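Student: Quick one: structure below, then a few questions.
Here, each number is a calculation from the coordinates, and none is a lab measurement. Note: ideal-geometry Cβ built from the backbone for every residue, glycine included; neighbour counts use all protein chains shown.
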Amino acid sequence: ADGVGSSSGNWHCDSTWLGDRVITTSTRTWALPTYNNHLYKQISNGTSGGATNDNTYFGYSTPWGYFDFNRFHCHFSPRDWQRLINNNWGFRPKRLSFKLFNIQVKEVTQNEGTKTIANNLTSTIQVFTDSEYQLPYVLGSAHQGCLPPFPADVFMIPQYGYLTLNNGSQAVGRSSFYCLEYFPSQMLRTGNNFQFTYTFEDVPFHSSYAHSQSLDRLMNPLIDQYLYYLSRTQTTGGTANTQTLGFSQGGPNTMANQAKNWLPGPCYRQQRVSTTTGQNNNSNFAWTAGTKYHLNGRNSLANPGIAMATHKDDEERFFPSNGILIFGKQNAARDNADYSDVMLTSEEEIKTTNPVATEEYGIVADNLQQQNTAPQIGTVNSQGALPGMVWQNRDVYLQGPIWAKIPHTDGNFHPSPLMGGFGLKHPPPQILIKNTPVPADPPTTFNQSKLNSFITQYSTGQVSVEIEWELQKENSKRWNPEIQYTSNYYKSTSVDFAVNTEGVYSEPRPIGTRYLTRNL
Amino acid sequence: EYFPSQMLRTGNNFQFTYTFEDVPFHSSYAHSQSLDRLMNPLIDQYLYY
């Protein structure tokens, strides 16, 4: 049975590689504190305080907390991530299991200056999953508070909150309030455990590979085309130079002129920034020159935006202003961190199919030329979908997110999340957890006011998550060797992806998925 | 007049049936959230700008 003196689960951290499948399992130790002193609170921000209109909000913070494993380093060790990206053309999630076990509730009393902590054996926690998607879904915004990448670390559970419609700092009639105690929930004492299972819906494999061809090079280099293009509008001669028409076939020496079947993907142009700072304009342009969208009178940066190549050849010092993912190095500051404290990703691989984020999409015609008027052209800085476009998605990273919830709407176009990962109409459900309030002694004459005098408590336990992943094997006939992700050979003060002398785990660099190649 | 047609005198009647093809439900509702507000208001992101 389950009692005070027996454990309700075991520690599972493992990975198993079987054929076309890999199964990861992770266990961590968590600590859960009481939030808001058991209260729900209205929160808002408005111009009155001095915020700009672009930052206003209205919402609620709750006493509850939630579990989040939406980063890949929750499930994969760095060596496992190497096995995946060097050997496979793609992967996708299939199913998951979740367990919550070995739960301990503790009470802390304050007397004079000294603080003491004891067990409370009869207290509970409450847990439920939102399986019908009835709550605002705050997973998928890339918040802090996921399970830690390193299995020995103990993490704090984050507080749940949400936003609803606002006008300035005020609410409107359509604004919704939610009470989370209004769902069914399971209550657990120190001997109880909790578990559920979930199945992923069909989703396309993430493409982990780069193309070894480019979209404008798909032709046979040895042969002419049978089609023709207009090669000459004027006679080339001694003196006159009158109007003429002349035509040529496309061939090996004019590839720019040949007829083609396909177009590069869409473009929304970003401003370019150099990591060599003396090359940048001297001014503070991050917001005023930023790439933005405009919704209901608010301006919001398109960050990272649609997938575009970070730079062209030999340009690596440049990046789009708001167009890339940027991670932190360990102990990086929250505000105004220096360039040496952060890690910049590069989407450079998709340069074959996708326009570079800092250039125009192309050129079109402005006017109607004639004998009287010379022709004029114009530059295309944003281009939506054209028939014949092909494109790649943004890459995924070991530090980065896995899935997002597709918003429930009448229409969408190519619902792949812009921060990267798998779009899901029915994502893995969110998991809510709370300490049950325990009153301090009531008065001995009746009073109708709600009791707000409590014994301070927190809880701890273990959590397990297990995901099964499907693999897509690499089939290539390429003769020469591939690029692989590898560790450095040379000696160093510390080992990458390990602890230091102080005990702190760190991740030296971001690692994407695209190493193997494939024909376009 | 180049199609087949049914002719009716004062005692006759006419009828037919039809089945709609699968179509998505019209959405009769407004959203209570906005697209730029979907985040958790209490927590920082781990990304940088």
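Student: Can you check what the net charge comes to around A:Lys329, using other residues whose Cβ is under 12 Å from the Cβ of A:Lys329 (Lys, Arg +1; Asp, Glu -1)?
Tutor: My count for the surroundings of A:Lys329 gives -2.
Student: Which value, in debye to the nearest 20, describes the size of the charge dipole of region A:224-380 about its Cα centre when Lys and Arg Cβ atoms bear +1, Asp and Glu Cβ atoms bear -1, and nothing else is charged?
Tutor: Rounded to the nearest 20 debye, it is 400 debye.
Student: Toward the positive end of the charge dipole of the protein assembly as shown, about the Cα centre and with charges on Cβ (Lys, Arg +1; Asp, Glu -1), which of A:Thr345, A:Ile103, A:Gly512 goes farthest?
Tutor: A:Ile103
Student: Hey, what number do you get for chain A at 222 nm if only DSSP H runs of n ≥ 4 count, each worth -39500 (n - 2.57), divided across all residues, to the nearest 500?
Tutor: Values: 1 runs with 10 residues, N = 520.
So the calculated ellipticity at 222 nm is -500 deg cm²/dmol.
Student: Still on this structure: Expressed in nm to one decimal, what extension gain is obtained for the pair A:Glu315 and A:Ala286 from 0.36 nm per residue of sequence separation less their Cα-Cα distance?
Tutor: Full extension of this stretch gives 8.4 nm more.
Student: Order by neighbour count: A:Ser97, A:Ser26, fewest other Cβ atoms within 10 Å first, most last.
Tutor: Ascending Cβ contact count within 10 Å gives the list A:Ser97, A:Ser26.
Student: Same structure again: Could you derive backbone 3J(HN,Hα) for region A:426-437 from the dihedral phi with the Karplus parameters 6.51, -1.76 and 1.60 (θ = phi - 60°), listing whole Hz in sequence and x where the residue is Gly or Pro?
Tutor: 10, x, x, x, 7, 10, 10, 9, 8, 7, 6, x
Student: Treating only the Cβ of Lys, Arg, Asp and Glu as charged (+1, +1, -1, -1), what charge dipole size does region A:334-381 show about its Cα centre? Round to the nearest 20 debye.
Tutor: Result for region A:334-381 is approximately 280 debye, rounded to the nearest 20.
Student: Can I ask one more? Looking at A:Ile402, A:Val203, A:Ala332, which one has the Cα that reaches farthest to the positive end of the dipole of the protein assembly as shown (charges on Cβ: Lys, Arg +1; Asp, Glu -1)?
Tutor: It is A:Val203, whose Cα lies furthest towards the positive end.
Student: Give me a single rounded figure for A:402-411: the average over its residues of other chain Cβ atoms within 10 Å of their Cβ.
Tutor: Partner-chain Cβ atoms within 10 Å, mean over residues of A:402-411: 2.
Student: Short version: ³J(HN,Hα) in whole Hz for each residue of region A:134-149, in order, from phi by Karplus 6.51 cos²θ - 1.76 cosθ + 1.60 (θ = phi - 60°), x for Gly and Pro, what are they?
Tutor: The phi angles translate into 9, 10, x, 9, 9, 5, x, 9, 6, 7, 5, x, 6, 3, x, x Hz.
Student: From the phi angles alone, apply the Karplus equation (6.51, -1.76, 1.60; θ = phi - 60°) to region B:40-45 and give each ³J(HN,Hα) in whole Hz, x where the residue is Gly or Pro.
Tutor: Listing the rounded values in order: 6, x, 8, 10, 7, 7 Hz.
Student: Further question: Using only alpha carbon positions, build the gyration tensor of region A:197-300, then give the equivalent ellipsoid semi-axes as the square roots of 5 times its eigenvalues, largest first, whole angstrom.
Tutor: 43, 29, 16
Student: Oh, and also: Taking the Cβ of A:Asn393 as the center, what net charge do the other residues with Cβ under 12 Å away carry, scoring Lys and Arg +1 and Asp and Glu -1?
Tutor: Values: positive: A:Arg394, A:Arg514; negative: A:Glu347, A:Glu349, A:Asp395.
With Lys, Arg at +1 and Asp, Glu at -1, the net is -1.
Student: Next question, about the same structure. Roughly what % of Cα-Cα distances in the protein assembly as shown sit above 42 Å, to the whole percent?
Tutor: Counting pairs separated by more than 42 Å, the tail of P(r) holds 37 percent.
Student: Next question. With each pseudo-label sitting 7 Å past Cα toward Cβ, what's the B:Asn12-A:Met219 distance in nm, one decimal?
Tutor: 6.7
Student: Sticking with this one: Applying 1/(1 + (r/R0)^6) with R0 = 60 Å to the Cβ-Cβ distance of A:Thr486 and A:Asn367, what FRET efficiency is obtained, to the nearest 0.05?
Tutor: 0.65
Student: Which whole number gives the average, over all residues in A:134-143, of C-beta atoms from other chains lying within 10 Å of the residue C-beta?
Tutor: Values: counts 0, 0, 6, 2, 6, 2, 2, 6, 6, 8.
The mean count of partner-chain Cβ atoms within 10 Å per residue comes to 4.
Student: With 10 angstrom as the radius, rank A:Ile467, B:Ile43 by how many other C-beta atoms surround their C-beta, starting from the fewest. Could you put the intermediate results ahead of the total?
Tutor: Values: A:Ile467 23, B:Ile43 18.
Fewest-to-most Cβ neighbours within 10 Å comes out as B:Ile43, A:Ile467.
Student: Please name which of A:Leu451, A:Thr501, A:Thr486 has its Cα lying farthest along the dipole of region A:443-520 towards the positive end, using unit charges on Cβ (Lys, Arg +1; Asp, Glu -1) and the Cα centre as origin.
Tutor: After comparing all options, I get A:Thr486.
Student: Further question: I'd like the distance separating the alpha-carbon centroids of region A:98-175 and region A:415-471, in whole Å.
Tutor: The two parts, judged by their Cα centres, are 4 Å apart.
Student: Taking each residue in B:25-38, count the Cβ atoms of any other chain within 10 Å of its Cβ, then average. What number comes out?
Tutor: Averaged over the peptide's residues, the number is 6.
Student: Among A:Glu466, A:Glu107, what is the fewest-to-most ranking by other Cβ atoms within 10 Å?
Tutor: So the residues, fewest neighbours to most, are A:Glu107, A:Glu466.
Student: Suppose every K and R has +1 on its Cβ and every D and E has -1 on its Cβ; what is the size of the dipole of region A:1-122 about the Cα centre, in Debye to the nearest 20?
Tutor: With only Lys, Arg, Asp and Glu charged at Cβ, the dipole is about 400 debye.
Student: What number comes out for the charge environment of A:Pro508, summing +1 per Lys or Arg and -1 per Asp or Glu over other residues with Cβ under 11 Å away? Don't skip to the answer; put the middle values down first.
Tutor: Numbers: positive: A:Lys329, A:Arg509; negative: A:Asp496, A:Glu507.
Counting the neighbours of A:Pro508, the net charge comes to 0.
Student: Something else now. With a Förster radius of 22 Å, plug the Cβ-Cβ distance of A:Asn53 and A:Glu181 into 1/(1 + (r/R0)^6) and report the FRET value to the nearest 0.05.
Tutor: On the way: r = 35 Å, r/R0 = 1.57.
Result of the calculation: an efficiency of 0.05.
Student: Next question, about the same structure. Amide H to amide H, which residues 5 or more places from A:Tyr162 or on other chains are under 5 Å from it, using H placed in the peptide plane?
Tutor: For A:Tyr162, the qualifying residues are A:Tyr60.
Student: Return the distance in nm (one decimal) between the two label points of a simple spin-label model at A:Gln110 and A:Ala385, each offset 7 Å from Cα along Cα→Cβ.
Tutor: Computed distance between label sites A:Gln110 and A:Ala385 equals 5.7 nm.
Student: Which entries of A:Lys41/A:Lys106; A:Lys106/A:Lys405; A:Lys292/A:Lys351; A:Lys405/A:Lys473; A:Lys260/A:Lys425; A:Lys99/A:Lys405 have Cα-Cα distances beyond 31 Å here? Intermediate values should be presented prior to the final figure.
Tutor: Working: A:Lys41/A:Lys106 25 Å; A:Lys106/A:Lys405 36 Å; A:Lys292/A:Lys351 23 Å; A:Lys405/A:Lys473 27 Å; A:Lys260/A:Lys425 36 Å; A:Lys99/A:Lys405 22 Å.
Correct reply: A:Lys106/A:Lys405; A:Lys260/A:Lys425.
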